[PDB]
Amino acid sequence: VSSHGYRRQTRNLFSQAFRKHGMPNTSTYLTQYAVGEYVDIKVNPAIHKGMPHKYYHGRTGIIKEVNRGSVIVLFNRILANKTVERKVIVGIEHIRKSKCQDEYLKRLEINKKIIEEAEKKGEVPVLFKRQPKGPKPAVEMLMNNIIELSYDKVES
Amino acid sequence: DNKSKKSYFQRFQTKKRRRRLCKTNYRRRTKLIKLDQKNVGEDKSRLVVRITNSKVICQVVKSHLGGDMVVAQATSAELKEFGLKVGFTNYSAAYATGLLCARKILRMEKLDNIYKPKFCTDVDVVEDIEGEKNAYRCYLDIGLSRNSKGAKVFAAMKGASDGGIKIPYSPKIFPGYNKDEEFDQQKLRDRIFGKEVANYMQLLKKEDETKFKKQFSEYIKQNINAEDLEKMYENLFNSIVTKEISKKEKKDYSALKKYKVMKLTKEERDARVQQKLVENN
Amino acid sequence: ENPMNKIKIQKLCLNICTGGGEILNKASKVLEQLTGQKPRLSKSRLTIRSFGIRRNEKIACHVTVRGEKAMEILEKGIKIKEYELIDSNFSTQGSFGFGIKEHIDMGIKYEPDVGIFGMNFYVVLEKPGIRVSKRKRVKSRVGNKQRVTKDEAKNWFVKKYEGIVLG
RNA sequence: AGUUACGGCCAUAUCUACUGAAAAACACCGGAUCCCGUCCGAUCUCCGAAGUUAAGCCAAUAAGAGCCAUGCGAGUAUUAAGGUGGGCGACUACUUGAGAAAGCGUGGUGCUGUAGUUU
RNA sequence: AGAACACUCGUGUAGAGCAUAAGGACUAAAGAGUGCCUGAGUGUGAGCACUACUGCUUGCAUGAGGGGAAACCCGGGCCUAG
Ligand SMILES: [K+]
Ligand SMILES: [K+]
Ligand SMILES: [Mg+2]
Ligand SMILES: [Mg+2]
Ligand SMILES: [Mg+2]
Ligand SMILES: [Mg+2]
Ligand SMILES: [Mg+2]
Ligand SMILES: [Mg+2]
Ligand SMILES: [Mg+2]
């Protein structure tokens with residue numbers, strides 16, 4: 001039978017990668033955080049204070065409050081077939097800034113131009129949506145340089 | 001045993017570059033520079049003091065993501081502008097360099113007229129004048145050098161304080177400290193204005209005039225005597241506070257690129273090997 | 001000839017081993033006379049019943065001399081060994097060693113309660129620049145140009161004392 | 001264009017042999033009176049310039065070891081969905097999709113930020 | 001003075017140690033020494049582990065508090081049990 005301590009089953013998780021042992025780099029400490037940013041959790045096994053519980057490893061959430069050397073992040077979780085919000089305390093050594101909003105922020109920068117012109121000249125924005133890839137395109141071909149294919153390889 | 005098998009090399013992890021070179025202590029650096037997440041707009045300045053066989057360097061440095069930025073710099077070798085002839089790594093030359101460094105800063109920030117100089121007459125920390133702008137703030141970075149009573153790094157630090165910058169310090173480190181008694185500041189003043197060396201010069205002339213000439217040849221060439229030092233140092237300090245050194249000019253030493261060696265091409269490397277086989281047979 | 005690049009003594013190491021009680025005090029007083037230093041007592045690495053040694057028990061005293069004082073002692077000792085050494089006594093590293101059975105040959109008066117002890121002498125030779133491997137900042141390994149080799153150590157001995165190195 | 005002080009990413013930067021280097025630096029180097037610390041002025045701390053490019057740091061060289069990239073291995077190994085497909089089983093063919101690794105070939109061998117100094 | 005006594009020089013990515021299972025962590029240290037101290041303080045909040053008890057993480061205020069030149073750290077034991 002299995003046990004139920006705070007760091008159960010973390011032999012693979014919570015171990016350093018090959019040729020990457022030691023303390024964190026300066027960039028870790030010089031990064032500034034703000035309320036409302038999206039942030040991503042990855043535990044560093046060498047630091048023993050401010051570690052989250054291993055369920056949260058590799059998950060992304062939103063910063064709710066900022067303190068001297070730690071952050072409070074909001075998560076959601078299913079328990080007993082219902083949704084529950086959870087507020088997780090994490091030290092700054094175990095977090096990295098998330099990339100999940102990157103494309104959306106670029107798109108907002110384009111929208112922000114159009115939405116002004118749409119008051120002056122038009123009435124409503126064109127709004128620049130994405131579209132999924134359509135059907136295969138048409139082609140005009142010169143028809144020299146033909147290559148033949150054959151079952152010449154007998155494959156003993 | 002170890003270095004005899006390939007696996008030794010295949011599994012090895014290198015230290016960071018400035019650690020291999022024995023120039024930086026990363027455990028110390030991180031405690032010194034790490035950001036406080038609530039004090040937004042705080043921008044801590046390190047005072048970096050380093051001592052070479054030739055000279056004393058003071059730099060004021062701010063740590064930013066991507067690389068440290070130098071705000072201002074001063075070097076004991078520049079004191080030759082104000083007529084310093086001798087002892088560029090002396091305890092006095094340490095103090096003088098810290099003084100110079102401070103003034104250059106407070107001029108850029110325009111605090112210079114508010115926070116006046118004060119030549120080594122107390123052991124208190126610099127205090128914010130009411131109704132005016134706050135003092136410029138810094139912390140001391142001594143690197144890999146040891147802390148002990150009367151180390152030259154602390155002389156430069158007192159220089160900066162006397163110059164008007166706010167550094168927190170404890171008097172435990174200066175000559176003239178006593179374990180359970182008031183501070184004897186005349187001993188400190190004595191060293192700043194060079195008494196320690198005068199007292200050595202005076203001794204040797206009674207002991208061994210041959211050894212004296214060997215030990216102090218450079219001083220002799222300047223016709224300096226043990227008696228002259230206080231006047232020398234008083235003038236030097238005043239001049240630092242009073243004057244300003246001329247700006248540096250920029251020049252293209254680009255043409256010295258003639259001296260740079262260039263690596264062999266592939267074509268050459270191959271022919272060279274070919275010839276080596278033929279020379280051997 | 002090229003200055004630098006010339007051999008010197010960097011260290012002479014002297015040790016007496018005498019496992020037991022008041023013997024170590026009696027011994028220490030000898031080292032305190034032969035050289036103007038107070039020697040360092042050393043303790044047993046293992047426990048060995050046959051030799052009469054408990055672990056962490058003091059068993060020996062040593063002192064390391066440098067500079068001018070080293071020259072006097074070495075000359076004083078090589079005389080006792082009559083300027084005769086064997087090719088066994090030299091290392092691949094530029095160092096050499098010998099032993100003496102009777103401390104009174106170094107000249108000190110007997111005093112019958114103190115006793116008779118032997119002593120080990122070990123000598124380390126050098127050329128300038130070795131500091132590069134010992135200083136705190138920018139510590140690095142020395143060049144092959146600046147080591148001392150087995151042949152050089154023999155040549156120096158022959159030259160300096162006119163001794164005879166037997167095969 | 002190098003160097004030097006403080007750095008960023010942490011081997012294209014490591015490890016082993018050899019060889020070069022104008023200027024200014026960087027060093028080795030000469031002492032212990034003091035402050036400071038040793039069994040020991042070796043290390044650490046202080047006060048110095050008589051020497052020296054031998055060393056370190058920097059740079060080149062090597063059908064070098066190791067690291068980094070790419071081509072091939074290879075539509076190969078394994079795998080999602082499907083049928084009144086096959087086989088006593090062990091397991092395996094086909095249809096619509098996703099898709100490797102080791103080895104071995106070929107090329108590389110640090111790049112950059114702020115300030116200071118040197119034709 | 002021996003297989004195995006003390007002292008040295010060169011190599012040495014851990015082949016050692018870290019009181020007590022097993023795993024993880026650690027190299028100018030968290031290991032081995034040396035100095036000083038009793039923070040193994042005092043009030044009162046918010047949370048994490050399926051969360052009552054329990055264990056841990058973290059906020060603000062105070063001490064004629066500690067260690068350190070200082071930045072920093074400390075309301076038990078390197079982390080996961082007693
Ligand atoms: K069981
Ligand atoms: K253990
Ligand atoms: Mg599980
Ligand atoms: Mg030159
Ligand atoms: Mg003395
Ligand atoms: Mg010396
Ligand atoms: Mg040369
Ligand atoms: Mg606690
Ligand atoms: Mg704890």
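Below, each value reflects all heavy atoms present in this structure, side chains not excepted, and no hydrogens, waters or symmetry copies. In what follows, every chain begins at residue 1, and chains take the letters A, B, ... in the order their sequences are listed.
Counted within 6.0 Å of NZ on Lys97(A), heavy atoms from surrounding residues, nucleotides or ligands total more than 12; the atom is thus considered enclosed. Within a 6.0 Å sphere centred on NZ of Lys248(B), heavy atoms belonging to other residues, nucleotides or ligands number more than 12. Within 6.0 Å of the CZ atom in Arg269(B), the count of heavy atoms belonging to other residues, nucleotides or ligands exceeds 12. In the displayed structure, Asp1(B) atom CG is contacted under 6.0 Å by at most 12 heavy atoms of other residues, nucleotides or ligands. No more than 12 heavy atoms of other residues, nucleotides or ligands sit less than 6.0 Å from atom CD of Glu85(A). Shown here is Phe9(B), whose CZ atom has more than 12 heavy atoms of other residues, nucleotides or ligands within 6.0 Å.
Two residues are said to be in side-chain contact when any heavy atoms from C-beta on lie closer than 4.5 Å; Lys38(B) and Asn67(A) meet this criterion.
For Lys16(B) against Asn25(A), the heavy-atom pair with the smallest separation is NZ-CA, 4.3 Å. When every heavy atom of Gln32(A) is checked against every heavy atom of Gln37(B), the shortest pair comes out as NE2-OE1, 3.0 Å. The two residues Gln10(B) and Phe18(A) come nearest to each other via the heavy atoms O-CZ, 4.0 Å.
Within the model, atoms CZ of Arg19(A) and OG1 of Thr14(B) stand 7.5 Å from one another, a figure rounded to the nearest 0.5 Å.
Contacts of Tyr26(B) with chain A are absent, with no heavy-atom separation under 4.5 Å from either backbone or side chain. Heavy atoms closer than 4.5 Å to chain B are found in the side chain of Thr26(A), but not in its backbone.
Of the listed residues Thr31(A), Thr28(A), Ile92(A), the one with more heavy-atom pairs under 4.5 angstrom with chain B than any other is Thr31(A).
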